[PDB]
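In what follows, a structure is listed as structure tokens, so that the remarks can point back to it.
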Amino acid sequence: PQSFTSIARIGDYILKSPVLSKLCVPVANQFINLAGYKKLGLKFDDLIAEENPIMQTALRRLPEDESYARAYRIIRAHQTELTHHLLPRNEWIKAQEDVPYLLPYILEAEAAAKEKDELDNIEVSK
Amino acid sequence: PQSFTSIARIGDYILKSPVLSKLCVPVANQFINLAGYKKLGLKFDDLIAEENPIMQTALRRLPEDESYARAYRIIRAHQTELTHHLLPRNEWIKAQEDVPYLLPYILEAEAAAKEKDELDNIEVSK
Amino acid sequence: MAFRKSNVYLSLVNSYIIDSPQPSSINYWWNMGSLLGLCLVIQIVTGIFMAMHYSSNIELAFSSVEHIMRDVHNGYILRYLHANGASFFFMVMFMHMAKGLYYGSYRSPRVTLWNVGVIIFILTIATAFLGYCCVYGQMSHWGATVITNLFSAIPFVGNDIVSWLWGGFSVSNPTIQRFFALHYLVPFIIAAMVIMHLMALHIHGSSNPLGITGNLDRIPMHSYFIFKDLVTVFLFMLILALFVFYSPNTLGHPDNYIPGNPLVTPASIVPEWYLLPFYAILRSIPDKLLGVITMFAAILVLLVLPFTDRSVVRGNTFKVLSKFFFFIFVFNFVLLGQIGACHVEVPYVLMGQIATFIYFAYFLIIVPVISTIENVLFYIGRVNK
Amino acid sequence: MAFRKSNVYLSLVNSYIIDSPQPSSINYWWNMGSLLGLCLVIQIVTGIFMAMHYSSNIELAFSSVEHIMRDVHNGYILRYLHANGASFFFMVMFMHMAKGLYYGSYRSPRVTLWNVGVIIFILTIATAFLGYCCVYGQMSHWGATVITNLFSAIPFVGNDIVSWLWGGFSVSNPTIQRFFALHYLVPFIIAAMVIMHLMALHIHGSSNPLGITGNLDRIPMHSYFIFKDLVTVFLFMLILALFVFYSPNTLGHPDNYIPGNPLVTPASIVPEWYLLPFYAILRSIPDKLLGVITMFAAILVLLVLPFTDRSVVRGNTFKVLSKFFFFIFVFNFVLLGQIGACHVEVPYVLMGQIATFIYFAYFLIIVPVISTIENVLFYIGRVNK
Amino acid sequence: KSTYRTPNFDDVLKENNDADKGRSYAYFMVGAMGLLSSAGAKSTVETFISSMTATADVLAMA
Amino acid sequence: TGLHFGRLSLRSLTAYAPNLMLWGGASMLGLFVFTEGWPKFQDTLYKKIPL
Amino acid sequence: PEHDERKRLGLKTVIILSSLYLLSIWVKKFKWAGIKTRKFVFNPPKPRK
Amino acid sequence: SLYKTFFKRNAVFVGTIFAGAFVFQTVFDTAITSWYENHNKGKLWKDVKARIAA
Ligand SMILES: CCCCCCCCCCC(=O)OC[C@H](COP(=O)(O)OC[C@H](O)COP(=O)(O)OC[C@@H](COC(=O)CC)OC(=O)CCC)OC(=O)CCCCCCCC
Ligand SMILES: CCCCCCCCCCC(=O)OC[C@H](COP(=O)(O)OC[C@H](O)COP(=O)(O)OC[C@@H](COC(=O)CC)OC(=O)CCC)OC(=O)CCCCCCCC
Ligand SMILES: CCCCCCCCCCCCCCCCCC(=O)OC[C@H](COP(=O)(O)OCCN)OC(=O)CCCCCCCCCCCCC
Ligand SMILES: CCCCCCCCCCCCCCCCCC(=O)OC[C@H](COP(=O)(O)OCCN)OC(=O)CCCCCCCCCCCCC
Ligand code: HEM
Ligand code: HEM
Ligand code: HEM
Ligand code: HEM
Ligand SMILES: COc1c(O)c(C)c(C/C=C(/C)CC/C=C(\C)CC/C=C(/C)CC/C=C(/C)CC/C=C(\C)CCC=C(C)C)c(O)c1OC
Ligand SMILES: COc1c(O)c(C)c(C/C=C(\C)CC/C=C(\C)CC/C=C(\C)CC/C=C(\C)CC/C=C(\C)CCC=C(C)C)c(O)c1OC
Ligand SMILES: CCCCCCCCCCCCCCCCCC(=O)O[C@H](COC(=O)CCCCCC)COP(=O)(O)OCCN
Ligand SMILES: CCCCCCCCCCCCCCCCCC(=O)O[C@H](COC(=O)CCCCCC)COP(=O)(O)OCCN
Ligand SMILES: CO/C=C(/C(=O)OC)c1ccccc1Oc1cc(Oc2ccccc2C#N)ncn1
Ligand SMILES: CO/C=C(/C(=O)OC)c1ccccc1Oc1cc(Oc2ccccc2C#N)ncn1
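Residue numbers (our numbering), protein chains in the order written: chain S, 1 to 126; chain V, 127 to 252; chain H, 253 to 637; chain X, 638 to 1022; chain A, 1023 to 1084; chain P, 1085 to 1135; chain U, 1136 to 1184; chain G, 1185 to 1238.
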């Protein structure tokens, strides 16, 4: 519902401020560790809801070696959930592996859909 | 429901008898003229119900120049029926044109299905 | 695509009454099925509004209907449209089934469609029987006494099915209260069977009056058969309005305006006109157990027609012998209705026994013999041998 | 192919409860939907058998229910299973809707499925209101007096909607007779909405407790979720049997065993427990017209949730702030039910006004603000800038 | 590693498989469930059906 | 040398000869259990020596 | 007046429904054991295809 | 073997669960009624009528 262009605009404003990045960034690190998706072997970009045309475009353009690895992490998380267990601690996702791999493909598809919408409902002047 | 092999067995027995072909054959000529399918431009083999596997086999094996002419006679008979009229008298089917064009294809498919059924439910003896 | 094809609820509407391919040559006999859908809505809607004022106790049932006729605003319109609308429902249903017999609509691949229709006909008969009991007139009490006493002749279970149906020792107060509750329910079971009836029709489509394939020339339903349906809807409503406002008691019995008395027997016990042929079949068997079996066999014998028709042609359009014996069967059905309204007297007793035999011999003897002969006459009139 | 896939009526059965692909990780919260189908069958079947012995006149209605409890064979089993079964129907429905809020089942592409469910919830509330009137106890008469008098505050049409709903000048004999006839009908409209509810579910399937796609690992319904459904069916029947046979009047009010008297007001007018939170919302607005609008807005505000949830993640499993405020909303709903059973006294009047504000502020203020903040915390906790 | 190597299943496997004992105990529990479900469904229908017989006030005027 | 005809078989019924003794007997056991407590079915079923 | 009969019929119903509840837990856990002990292994495929 | 004599032949696996449930009804109802009346002895009407005979 909220676009990723809007999320990146608010988030990059905080990260450039030296006083706002001392307050919010320690709170965001505690929020992610309490969420617990890394103990099931998932990255955050695996959790994005995909039933919309922007996300279907970005998933088509992903390189195929990363698409095979994403499918294994989702399947392993479903099997761990039905057994009501967690993964062994040496199989958890580390923080330096929790990178936004899908975010540049999403932002490129959002900018192209915005430019098409502006050209389709447009004014002229002599 | 009654097979064409059974109809041809009864009908060829009457036509070989010289006393039975003097009684039934004048009655059959009055029966066909009172039926009235020739005044709509149809032959009798156009009237056979086709929603069964034997008739679908025989319609596939018909030569294509006869299949195009059969489709035109059926379409012309539907248009004449909805106008509540008859065809002009010079467009009626004549008796020497009302030939059984589809009957040899039907009898060949019926004999092959009977031989398959006898070999599938069969006895042996030493 | 368009929104009428992509939406989940509108695509069911679009594939049934908008874009469905119809054969181009069907006539006005193919309009009876949509009139039956209008009749069922009329019977349900007038039924709910009358039920807001009705009492089902045996001391209060007759006066509740008189309270509807006198004190409810437009209450006489609700009752007369309901009672006359039941007779119009049976007349359209008789013509709808006779269209299927004539054109061979029962044949393959439409056997499941014909079998579901026979279940609908049984449930409609049971519905009209239960609503007639709720008046508790003099014909209501004694008609329920005659029919419920038939089931005591069943061996070993008969005397306990009847008292389980009465809730007591005769037709009394628990009988009328349970008959009104069953009368509310069965029209909702009929509406579910109509949905199963329309699903089987969507698979194969309709037949046509020539009997041959319709896949070569189709026209869509919307604005051609929608406007052809409007002609018969307005003619149906006009004739129904002439009965409701100008002659509202012609299709009924004047003994039903006397309250039910279990000590006085009427001089003649007569059903409504649409149940009169089945009443004459029952009175033609002297043994009581064989009479109730033959009465229920007159409906179940409709299921043997896909197996006793031996013709290789679908329908009666080009068959002169099948045309003649179809109309013999139609006027035999009218004669059986007239015998069912007479007294048990000479010579109506023997006439009803011969007409009962002709009814069952049509399905089991006449149709397989005549259709075998017509197969052979088509062959030897063409083949040169 | 097999006959369960080629037949026209069995392929609907096969694609729904036999071969339908389910996500492998759904838990026991996904069993509440099939328990609601069993509850609707139980309420319909016990309803027909009691209606064979019931009289809806205002002089006879209370004694008819006492006649069922004393004279009908196993009649006390039919009533107690019916009255306690209505409370079990509302408890399973509350847990079914709260599962949808927690896991984000309302979101796209399941908005049509959520909207049809809100219509079902409205029709179930109206059904239970009409059946409570048919007892004509002392709580039945005065509860109908309070609710029907709310509609006279509507401008220009209000004083004529109420007397059209009464059929007269107060709650009287035409009111009870029309309320029993409406009570028979609305469960059949509910059954048709359940069929439309299952059609929309077949298009997209179910969600799963992780919130992500289930297309990668599916197992069929038959012998896995059929036998998982049997565990909760037998536990449901065991707890229902403990209430019907061992404590049958715990979930009711003892004033409903006094016959209805329009001249004596009870000391306290209290609804059943499952309508108590909506009763406390109505009593917290002093103006009479704005109170009945706010009472109906408490159900219709469920439709704004697909538009006020701003998160890019479906469900509450990985969100600690949305978990906290979900359980704030749950215990606020329990407190509103407790306020609705108290007298209008200090300090329960102010407590009900604050709890009414918290109910509406969850859907319109708390959910869009918290889900926007959780979008940003996920971003800046990962992106190096 | 090699797909011909099967992972460790030893904490769930029986010490002796003995196919005529494992089948026999599972079919005892499924058979006991169909036994009790049929006796429960039979008494349920007879409770509803017997409510249509004559009431206690009707039998008192016999 | 050949067997029976018409979408069934006497071979299909010479193996299914003595088991509609027990598939008919499956629903001989049907109205066994489903008919109990009736006043109808007790002059042939309650006369037995136990219980 | 039904008080003595209601408590006798309730004892038969609770005993039967308790046995069906305990048997359904055993049968569900037997029929789910193949899914619950399933194992997965990932080997990354070779590129250029 | 006792699988194939009790649960294989499913012409009577439907049958034995339909016939063992018939004799189950009378033995179960006799056992509970005897336990229920012995737990409440001295309070029933038959225990009262035996010494209001006077
Ligand atoms: C309870 C009663 C409820 C009444 C509600 C209405 C129910 C009507 C029941 C009668 C019925 O079923 O009629 C069916 C029957 C059709 O059978 P059929 O194949 O012989 O005739 C094709 C079609 O009529 C041609 O009718 P035609 O098509 O020629 O009419 C011209 C026009 C339509 O005109 C009308 O609107 C007049 C009604 O259509 C056009 O062609 C012009 C378009 C550019 O109609 C006939 O014409 C046959 C006459 C026999 C009717 C005797 C009924 C015995 C019971
Ligand atoms: C009201 C009348 C209706 C009666 C029936 C309705 C039942 C409603 C219960 C709420 C619900 O459906 O969710 C249950 C949820 C557990 O879901 P889960 O899949 O994660 O747990 C699978 C388990 O690990 C394996 O469970 P397993 O399948 O291995 O064994 C079954 C277990 C009983 O299971 C059930 O009865 C489920 C209700 O048998 C045993 O306990 C063995 C010893 C006898 O529980 C929770 O998430 C939190 C627990 C408290 C919930 C109570 C809240 C009620 C308001
Ligand atoms: C449980 C068992 C139930 C049994 C159900 C039987 C119900 C019988 C009750 C009466 C039903 C009315 C029968 C109507 C006949 C319908 C047959 C039909 O659909 O059409 C047949 C025929 C077609 O004629 P064509 O248009 O094809 O002619 C073109 C030239 N070949 O069209 C015609 O020729 C129409 C001729 C007019 C028919 C007159 C029939 C008179 C009926 C008297 C009714 C009396 C009621 C009091
Ligand atoms: C207009 C209509 C409004 C409807 C509002 C409905 C309010 C009625 C109250 C219904 C209570 C239902 C609350 C639970 C709803 C189920 C959904 C849920 O909360 O998920 C279960 C939750 C999650 O547990 P997990 O973290 O293990 O699973 C995560 C997925 N992998 O696991 C849990 O935490 C379960 C804990 C449940 C405790 C809830 C106590 C409720 C007490 C209510 C008592 C009411 C009678 C007095
Ligand atoms: C297919 C649907 C129906 C049919 C064929 C049908 C038929 C009948 C008939 C023949 C009568 C006797 C009428 C008379 O001669 O006076 C009757 C009476 C009655 N029916 Fe129906 N009925 C149907 C649906 C319903 C429904 C759905 C309801 C209620 C919700 C209902 C309520 C009543 C009532 C209250 C009476 C008694 C009043 C009267 O005599 O008109 N009916 N019905
Ligand atoms: C409430 C009752 C019924 C309703 C609403 C209904 C509705 C319909 C409709 C709309 C059609 C398609 C249009 C038409 O051919 O007229 C149809 C066709 C058909 N119906 Fe009915 N019907 C009902 C009862 C019956 C009964 C009682 C029978 C037979 C015993 C029956 C048998 C058939 C058959 C065989 C067809 C196919 C006709 C053909 O394709 O030529 N129906 N029905
Ligand atoms: C979703 C379905 C239903 C619900 C939620 C429901 C609910 C209720 C409730 C709450 C009562 C008051 C019970 C009490 O406290 O004594 C009641 C009474 C009654 N209902 Fe229903 N009902 C449903 C379906 C039906 C149906 C379909 C019928 C009839 C065919 C019916 C017939 C009756 C009767 C006769 C009473 C009065 C007897 C009594 O008090 O138990 N009910 N209903
Ligand atoms: C008589 C009433 C109802 C019946 C029989 C019913 C039935 C069902 C069934 C069988 C399912 C699929 C299995 C499951 O997820 O539990 C389902 C899913 C669902 N229902 Fe209902 N339901 C009813 C009422 C409602 C109500 C009142 C709501 C919401 C206001 C609702 C909303 C939903 C939603 C959102 C789902 C999808 C859940 C998911 O996929 O995770 N339903 N329903
Ligand atoms: C051959 O091709 C055809 C075809 O030619 C035609 C015409 C039709 C259409 C013909 C029909 C007869 C379909 C329409 C079906 C019906 C009208 C049956 C009615 C269905 C019901 C479920 C009846 C219930 C309806 C009601 C209105 C009951 C509810 C009553 C209420 C709400 C009033 C009570 C309210 C108050 C306040 C008292 C086809 O479907 C079709 O197949 C593709
Ligand atoms: C996601 O995958 C799923 C899924 O998870 C589930 C759970 C289901 C579960 C399905 C259900 C729970 C079915 C829903 C339940 C209903 C639709 C019930 C409808 C209610 C009725 C039809 C009531 C009808 C009752 C009667 C007619 C009884 C009438 C009483 C009579 C006749 C008394 C007898 C009279 C005399 C005189 C003896 C799915 O279909 C499904 O696939 C989509
Ligand atoms: C099996 C027999 C029973 C089936 C009956 C079928 C006929 C049902 C009535 C048809 C009337 C059409 C209703 C309006 C259709 C528009 C619905 C819609 O716009 O879909 C939704 C709006 O959601 C709703 O609020 C639905 C309310 C349903 C109200 C019905 C009482 C949006 O449309 P959507 O984009 O989802 O379309 C794609 C669907 N796959
Ligand atoms: C209003 C809501 C409607 C919801 C519809 C849900 C579907 C409910 C059906 C439930 C299962 C019913 C089992 C049907 C048995 C198989 C059908 C069959 O035997 O059809 C036919 C025989 O015809 C009949 O006698 C129909 C029996 C009427 C059934 C009325 C209940 C089987 O023969 P056929 O080869 O044609 O089957 C293929 C069809 N495509
Ligand atoms: C309650 O009385 C109902 C009557 C009625 O016509 O209802 C519409 C009726 C009146 C007088 C005499 C008999 C009456 O009922 C009936 C009932 C009836 O039912 C059947 C119809 C076809 C097949 C079997 C039956 C039966 N049983 N067949 C004939 N008359
Ligand atoms: C006939 O009295 C019915 C009552 C009942 O509880 O029925 C189950 C009742 C008894 C006493 C007082 C009020 C009663 O009814 C009601 C009715 C009610 O209805 C609504 C519920 C939600 C939203 C709007 C309304 C309304 N109107 N909300 C609360 N109590």
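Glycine included, C-beta positions come from ideal geometry on N, C-alpha and C.
C-beta contact flag for residue i and residue j at 9 Å
i        : j        : result
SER315/H : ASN694/X : no
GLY722/X : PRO846/X : no
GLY504/H : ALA607/H : no
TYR653/X : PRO943/X : no
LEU20/S  : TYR13/S  : yes
Distance, residue j Cα to residue i Cα
i         : j         : result
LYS540/H  : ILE399/H  : 12 Å
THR183/V  : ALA235/V  : 7 Å
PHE1175/U : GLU97/S   : 21 Å
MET345/H  : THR1189/G : 55 Å
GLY543/H  : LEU528/H  : 15 Å
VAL387/H  : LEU835/X  : 40 Å
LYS1227/G : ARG1141/U : 17 Å
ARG1091/P : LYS252/V  : 27 Å
Option nearest residue i by Cα separation, candidates the options
i        : options                                : result
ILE679/X : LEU877/X, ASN644/X, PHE817/X, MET638/X : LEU877/X
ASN969/X : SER671/X, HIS841/X, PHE997/X           : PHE997/X
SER276/H : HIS393/H, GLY457/H, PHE570/H           : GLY457/H
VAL621/H : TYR354/H, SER574/H, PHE630/H           : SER574/H
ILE329/H : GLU311/H, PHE341/H, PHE301/H, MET349/H : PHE301/H
Range of the contiguous alpha helix (DSSP H) that encloses residue i
i        : result
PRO529/H : 528-534
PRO189/V : Segment: none, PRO189/V is in no alpha helix (DSSP H) and carries neither H nor E.
Start and end residues, beta strand (DSSP E) containing residue i
i        : result
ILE219/V : Here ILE219/V belongs to no beta strand (DSSP E), and DSSP marks it neither H nor E.
Checklist line | Positions along the region 1159-1178 of chain U whose CB lies within less than 8 Å of some CB in chain A | finding: Among the residues of the region 1159-1178 of chain U, those with a Cβ less than 8 Å away from any Cβ of chain A are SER1159, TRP1161, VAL1162, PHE1165, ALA1168, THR1172, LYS1174, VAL1176, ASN1178, in the order of the chain.
Note to self: Output needed in chain order: residues of the region 1098-1110 of chain P with a Cβ under 7 Å from some Cβ in chain G.
What the structure shows: Contacts with chain G (Cβ-Cβ distance below 7 Å) from the region 1098-1110 of chain P involve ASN1103, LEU1106, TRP1107, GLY1109, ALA1110, listed in chain order.
Checklist line | the region 649-669 of chain X: positions lying closer than 7 Å to chain S by Cβ | finding: Taking 7 Å as the Cβ-Cβ cut-off against chain S, the residues of the region 649-669 of chain X that qualify are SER661, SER662.
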